[PDB]
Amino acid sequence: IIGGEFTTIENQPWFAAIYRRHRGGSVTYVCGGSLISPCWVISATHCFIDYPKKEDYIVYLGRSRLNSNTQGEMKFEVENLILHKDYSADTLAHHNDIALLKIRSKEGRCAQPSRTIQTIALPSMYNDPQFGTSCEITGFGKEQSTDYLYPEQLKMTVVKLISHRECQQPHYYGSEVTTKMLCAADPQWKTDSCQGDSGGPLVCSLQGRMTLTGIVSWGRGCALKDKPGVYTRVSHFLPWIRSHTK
């Protein structure tokens, strides 16, 4: 998250922090995700495609910090890691960039709601806010493109939805962006998602309800003029989600 502000998990209680254990036993951060029901985290497929084995992953819920534990967090394994079969990539512009992780604790349980762990509603099909609407994004991604480190403290920012006609201009993303994607950016290009924010929530308020509108997916650089962040458009994948979670 370029710009925006620091936050804690209470302000985004559905945010999931996804890590992977390496051979040798080191644990490194992977991507964010969003809890959509007690046993199901939703994220991006590109976070996982290179290491598609469920056993390698650890999911935390209720966690506000990257490398230290937050009081009341829940730690899970991945019982199943569900990648979208139609996924495709290039050169940046990932298609069908959506994944389901079914979570289970060592004790065999799913998420238990608390002040720091709640679920987020999916939108109704083909229902998204009008362009220009302001929405929030959350994650542990880079604070500046040149940074090497990721922030220890969770962050959020605000970005505005961009129309497909604006995004599809050659001087934006041309044909890289499809109707199953959403573009969002800051009017001054000063805040944005960045490396490490992938998989996490774009949350918009539609009809009073906080809604999982998008999942961080790709962009060229970050907080670059004419180069918005790109999000998987959740409202075009409800059938895939429902089948895959049933």
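Between two forms, the rigid core is defined as the largest C-alpha subset superposing within 1.5 Å. Numbering starts at 1 and runs along the sequence shown.
Here the rigid core sets the fit, and in 4 other deposited structures of this protein the C-alphas of 85-93 stray farther than those of the other stretch, out of 149-157 and 85-93. Between 49-57 and 23-31, greater CA displacement relative to the shown form is found for 23-31 when the structures in 4 other deposited structures of this protein are fitted on the core. Just going by the entry, 221-229 versus 15-23 on mean CA temperature factor gives the higher value to 15-23.
Look at the C-alpha B-factors of 99-107 and of 143-151. On average they run higher in 99-107. Sorting 34, 68, 195, 191 by the CA temperature factor given in the entry leaves 68 at the top. As recorded in the entry, 209 carries the highest CA temperature factor of 63, 209, 46, 180. Residue 187: CA B factor in the middle third of modelled residues in this chain (values from the PDB entry). In the PDB entry, a CA B factor belonging to the lowest third of its chain's modelled residues is recorded for residue 137. Among all modelled residues in this chain, the alpha-carbon of residue 156 has a temperature factor (C-alpha) in the lowest third. Compared with the other modelled residues of the chain, the Cα B-factor recorded for residue 164 ranks in the highest third. In the PDB entry, residue 85 places in the middle third of its chain by CA B-factor.
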